[PDB]
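Written out below as structure tokens is the structure these notes cover.
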Amino acid sequence: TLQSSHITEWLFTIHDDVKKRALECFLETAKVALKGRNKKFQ
Amino acid sequence: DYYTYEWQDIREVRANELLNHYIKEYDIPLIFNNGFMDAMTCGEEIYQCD
Amino acid sequence: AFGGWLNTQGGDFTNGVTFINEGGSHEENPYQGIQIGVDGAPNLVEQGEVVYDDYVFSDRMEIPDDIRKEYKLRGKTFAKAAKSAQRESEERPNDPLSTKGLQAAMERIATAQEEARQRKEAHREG
Amino acid sequence: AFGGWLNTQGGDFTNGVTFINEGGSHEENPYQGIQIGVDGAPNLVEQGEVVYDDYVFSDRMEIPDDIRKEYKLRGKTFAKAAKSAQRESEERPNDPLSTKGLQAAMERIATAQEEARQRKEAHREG
Amino acid sequence: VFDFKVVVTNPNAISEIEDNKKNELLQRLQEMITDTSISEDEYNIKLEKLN
Amino acid sequence: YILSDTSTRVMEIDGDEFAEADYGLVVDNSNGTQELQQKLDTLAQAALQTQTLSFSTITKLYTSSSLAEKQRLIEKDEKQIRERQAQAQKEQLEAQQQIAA
Amino acid sequence: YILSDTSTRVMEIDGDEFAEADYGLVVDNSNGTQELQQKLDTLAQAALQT
Ligand SMILES: [Mg+2]
Ligand SMILES: [Mg+2]
């Protein structure tokens, strides 16, 4: 069953990079939202 | 503490600090993973470093 | 309120300058000014002047043609010349190049206003 | 009791104003008014006056027109101006904007009531 | 598994331009505490928050 | 930002044009360097107990990613403590001797 | 009756009318917080003894 979790692991390896690259893009969006006079960030 | 270091050691720390960063930044293990699929399909596995 | 700000997407994004208006002049104001802070504790600005980085650009003064050729200012007034050097940076407040471009351009109007103030101070006592 | 209270959905929600009705004038009540509390320790209030943050707006006074043009009042007395500056927040007592709006609106009619009193006390001694 | 942590890629690599920025922020954090602390009561406490 | 103070000044000592495999440094994913990495952290865990390596040093070992930096930290922290124990033996020896004096 | 004394007075402080998620509080049933709960509950027993 582990050797059947290898046949579909290429679909999770691209997907765990879209999870990395979206969270980097979400991080810079929040850094501009810091300098936008929001009292939630405090 | 860099008096007990060596010249081949300081060159080796600088080489790893370059390589440990950019492997994690670009997600290089996925770039090598797409290259294996061309290895089994063409018999070729090529990369350019620019 | 649009004065030196870009209020888009629910945020308040400024480029640094403070368009000090809606008060009136020093003579038409009951409190003699807008009184933005306490440092001189009566820091009084009027309806036309613009303030960047704790420095004031006056609206009453004018731009000499000697000081218009060098430093290459655009407006008739030192306050009106700082409202044209921030016209790029008003639409893009978070750029790395606009904030370096503003601070380099706000320094030219800073030294030009300090130089034009000493010339009228010297001509008054002479 | 409908005076500045929103009795809806089983709860008694108020904006902070205290409509003090049903009692009568100070000379008409045997206890000299509808006493609010013990602090002057006999704090007496009558049928026309309203209370916000322990400052009472007198219904017996009158609104001068110069005190109406500045501070932009709407009622004919000071209580009827405070019974009209709260018409929004009595129906939406939990709103962040109304309780900011009511806080600023009551600070106007408070200071407008003081300047009417200091004009009244200066006139009578002279 | 889902742990997506911002990590330093080379955590033992501190340089001059990183150090001159940290000293600038602690100069700003020192600047704030002289204004907020009523003197001699909470000034030792905020210092224990930034020692 | 990704390099240190000493690592950025390597660019000045000459010849960095030449490949790293000319200066004795190779990229190696092989069973030799994973065995050397698994030895060098087991040795550090055996040095964490018996009070030979501090808790300051071992967290630097876990965040090093190079087998020669984490080797030099085992060497540096052993020389510091064995200097401290040798002077603690010396000061306890002269203290009883000045008591004897 | 169902709230404490300091919980009753949070209503007295400015702007409680804003969603708790602005103030840093979210409702969460995930494996990160069940891990935190036994990590704090066996730390209590490890501090109960000794
Ligand atoms: Mg660094
Ligand atoms: Mg209870």
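Here the protein sequences come in this chain order: A, B, C, D, E, F and G. So the first sequence is numbered by UniProt numbering: it starts at 564 and just counts up by one. So the second sequence is numbered by UniProt numbering: it starts at 153 and just counts up by one. Going left to right, the third sequence walks through residues 425 to 463, 466 to 552 as UniProt numbering numbers them. Going left to right, the fourth sequence walks through residues 425 to 463, 466 to 552 as UniProt numbering numbers them. So the fifth sequence is numbered by UniProt numbering: it starts at 102 and just counts up by one. So the sixth sequence is numbered by UniProt numbering: it starts at 606 and just counts up by one. So the seventh sequence is numbered by UniProt numbering: it starts at 606 and just counts up by one. Yeah, the Cβ is synthetic: ideal placement off N, Cα and C, and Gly gets one too.
(Q) Considering only DSSP beta bridges, list what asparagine 431 of chain D is partnered with. (A) In the fourth sequence, the residue the question calls residue 431 of chain D occupies position 7. D/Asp436.
Q. Given 8 Å as the limit, is there contact between the stretch 452-462 of chain D and the stretch 487-503 of chain D, that is, 3 or more CB pairs closer than that?
A. no
Q: Could you tell me whether any Cβ in chain E is nearer than 7 Å to the Cβ of residue 744 of chain F?
A: No statement about residue 744 of chain F is possible, as the shown extent of chain F runs from 606 to 706 and does not include it.
Q. Taking buried to mean at least 16 other C-beta atoms within 10 Å of its own C-beta, is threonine 503 of chain C buried or exposed?
A. Within the third sequence, the letter at position 77 stands for residue 503 of chain C. That one is buried.
**Q.** C-beta contact flag for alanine 511 of chain D and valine 476 of chain D at 7 Å
**A.** Working through the fourth sequence from its first residue, we reach residue 511 of chain D at position 85. Working through the fourth sequence from its first residue, we reach residue 476 of chain D at position 50. Cβ atoms of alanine 511 of chain D and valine 476 of chain D: not closer than 7 Å.
Q | ligand 2 site residues, beta-carbon cut 6 Å against heavy atoms | A | G/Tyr606 and G/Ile607
Q | Segment limits, beta strand (DSSP E) that includes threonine 442 of chain D | A | Residue 442 of chain D sits at position 18 when you count from the first residue of the fourth sequence. Unbroken beta strand (DSSP E) run through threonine 442 of chain D: 441-443.
Q | Three-state secondary structure assigned by DSSP to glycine 629 of chain G | A | As a first step, residue 629 of chain G is located in the seventh sequence; it is residue number 24 there, counting from the start. Correct three-state label for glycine 629 of chain G: coil.
Q: Flag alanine 624 of chain F as yes when its Cβ comes closer than 6 Å to any non-hydrogen atom of ligand 1, and as no otherwise.
A: Start at 1 with the first residue of the sixth sequence, and residue 624 of chain F comes out as number 19. No, the beta carbon of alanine 624 of chain F sits no closer than 6 Å to any heavy atom of ligand 1.
Q) Could you check where the beta strand (DSSP E) with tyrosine 481 of chain C kicks off and where it finishes? A) As a working note, residue 481 of chain C is residue 55 in the third sequence. Note, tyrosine 481 of chain C: beta strand (DSSP E), 481-483.
Q. To the nearest angstrom, how far is it from the Cα of residue 465 of chain D to the Cα of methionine 532 of chain D?
A. Because residue 465 of chain D lies between 463 and 466, and chain D jumps straight from the first to the second, it has no atoms in this structure.
Q: Check each residue of the stretch 427-440 of chain C: if its Cβ is closer than 9 Å to any Cβ of chain A, include it; give the result in chain order.
A: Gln433, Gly434, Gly435, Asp436, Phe437 and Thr438
Q: Could you list which residues in chain E have their beta carbon closer than 7 Å to that of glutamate 169 of chain B, in chain order?
A: Looking up residue 169 of chain B in the second sequence gives position 17. Those are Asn111 and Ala114, listed as they occur along chain E.
Q.
If you reduce the DSSP assignment to three classes, tell me which class residue 558 of chain C lands in.
A. No information on residue 558 of chain C is available, as it lies outside the stretch 425 to 552 that chain C covers here.
Q: Examine ligand 1 and report whether any of its heavy atoms sits within less than 6 Å of the Cβ of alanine 167 of chain B.
A: Mapped onto the second sequence, residue 167 of chain B falls at position 15. No, the Cβ of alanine 167 of chain B stays beyond 6 Å of every heavy atom of ligand 1.
Q) Closest by CA to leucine 528 of chain C, which one among C/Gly427, C/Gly434 and C/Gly440? A) Your numbering for residue 528 of chain C matches position 102 in the third sequence. Ranked by Cα distance from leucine 528 of chain C, the first of C/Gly427, C/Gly434 and C/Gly440 is C/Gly440.
Q) With DSSP run on the structure shown, which of helix, strand or coil describes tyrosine 497 of chain C? A) Stepping through the third sequence from its first residue, residue 497 of chain C is reached at position 71. Looking at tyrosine 497 of chain C - three-state DSSP - the assignment turns out to be coil, as it is neither helix nor strand.
Q. Using 8 Å as the threshold, is the stretch 682-693 of chain F in touch with the stretch 126-142 of chain E, meaning 3 or more CB pairs across them?
A. no
Q: Would you mind reading off the limits of the beta strand (DSSP E) that contains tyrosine 478 of chain C?
A: The residue you call residue 478 of chain C lines up with position 52 of the third sequence. It spans 476-478 - the beta strand (DSSP E) in which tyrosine 478 of chain C sits, taken as one unbroken run.
(Q) According to DSSP, is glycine 461 of chain D part of a helix, a strand, or is it coil? (A) For this step, residue 461 of chain D is matched to residue 37 along the fourth sequence. In the structure shown, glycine 461 of chain D sits in a strand (DSSP, three-state: E or B).
Q: Identify each residue in the stretch 449-462 of chain C for which the Cβ-Cβ distance to at least one residue of chain A is less than 8 Å, and report them in chain order.
A: none
Q | Contact with chain A by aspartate 179 of chain B, beta-carbon distance below 7 Å | A | Along the second sequence, read from residue 1 onward, the residue named residue 179 of chain B stands at position 27. Yes, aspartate 179 of chain B lies at the interface with chain A (some Cβ there is under 7 Å from its Cβ).
Q) Are the C-beta of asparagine 172 of chain B and some C-beta of chain E separated by less than 7 Å? A) The residue you call residue 172 of chain B lines up with position 20 of the second sequence. Judged by the 7 Å Cβ criterion, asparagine 172 of chain B is in contact with chain E.
Q) Within this structure, are the beta carbons of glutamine 473 of chain D and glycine 434 of chain D separated by less than 7 Å? A) Along the fourth sequence, read from residue 1 onward, the residue named residue 473 of chain D stands at position 47. Along the fourth sequence, read from residue 1 onward, the residue named residue 434 of chain D stands at position 10. For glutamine 473 of chain D and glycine 434 of chain D, no; Cβs fall outside 7 Å.
**Q.** Min CB distance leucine 672 of chain F to chain E below 7 Å
**A.** The residue given as residue 672 of chain F occupies position 67 in the sixth sequence. Closer than 7 Å: no.
Q: Determine, using beta-carbon pairs with one atom in the stretch 607-618 of chain F and one in the stretch 168-187 of chain B, whether at least three such pairs fall under 8 Å.
A: Here the stretch 607-618 of chain F makes contact with the stretch 168-187 of chain B; the two share three or more CB pairs at distances below 8 Å.
**Q.** Cross-chain neighbours of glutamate 149 of chain E in chain F, by beta carbon under 7 Å
**A.** On the fifth sequence, position 48 is the one that residue 149 of chain E refers to. The premise fails here: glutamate 149 of chain E is roughly 21 Å from chain F at the closest Cβ pair, so nothing lies under 7 Å.
Q) For ligand 1, is there a heavy atom less than 6 Å away from the beta-carbon of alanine 596 of chain A? A) Counted from its first residue, the first sequence places residue 596 of chain A at position 33. False, no ligand heavy atom lies under 6 Å from that Cβ.
Q: Evaluate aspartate 485 of chain D with the Cβ neighbour count: other Cβ atoms within 10 Å of its Cβ, from every protein chain shown; 16 or more gives buried, anything less gives exposed.
A: Counted from its first residue, the fourth sequence places residue 485 of chain D at position 59. Buried, since its Cβ has 16 or more Cβ neighbours within 10 Å.
Q) Cβ atoms of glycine 428 of chain D and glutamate 516 of chain D: under 7 Å apart, would you say? A) Along the fourth sequence, one-based indexing puts residue 516 of chain D at 90. Along the fourth sequence, one-based indexing puts residue 428 of chain D at 4. The answer is yes: Cβ separation under 7 Å.
Q) Hey, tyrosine 155 of chain B and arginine 677 of chain F are a contact pair by Cβ (cut 8 Å); roughly how many whole angstroms apart? A) For the purposes of this step, residue 155 of chain B is taken as residue 3 along the second sequence, with counting starting at 1. For the purposes of this step, residue 677 of chain F is taken as residue 72 along the sixth sequence, with counting starting at 1. Not quite, the Cβ-Cβ distance comes to about 11 Å (not below 8 Å), so this is no contact.
Q. By Cβ distance below 7 Å, which residues in the same chain neighbour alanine 507 of chain C in space, the five residues on each side in sequence not counted?
A. For this step, residue 507 of chain C is matched to residue 81 along the third sequence. Counting only Cβ-Cβ distances below 7 Å, and skipping sequence neighbours, we find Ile489, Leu499, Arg500, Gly501 and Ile535.
Q: Mind checking the stretch 575-599 of chain A against chain C and listing, in chain order, the residues whose C-beta falls within less than 8 Å of any C-beta there?
A: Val595, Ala596, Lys598 and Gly599
Q) So, using beta-carbon positions, are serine 612 of chain F and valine 165 of chain B closer together than 7 Å? A) As a working note, residue 612 of chain F is residue 7 in the sixth sequence. As a working note, residue 165 of chain B is residue 13 in the second sequence. Against a cut-off of 7 Å, the Cβ pair of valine 165 of chain B and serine 612 of chain F comes out as a contact.
Q.
Just checking: is the beta-carbon of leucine 608 of chain F within a distance shorter than 7 Å of some beta-carbon in chain B?
A. Position 3 of the sixth sequence, counting from 1, holds the residue named residue 608 of chain F. Cβ-Cβ to chain B under 7 Å: yes for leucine 608 of chain F.
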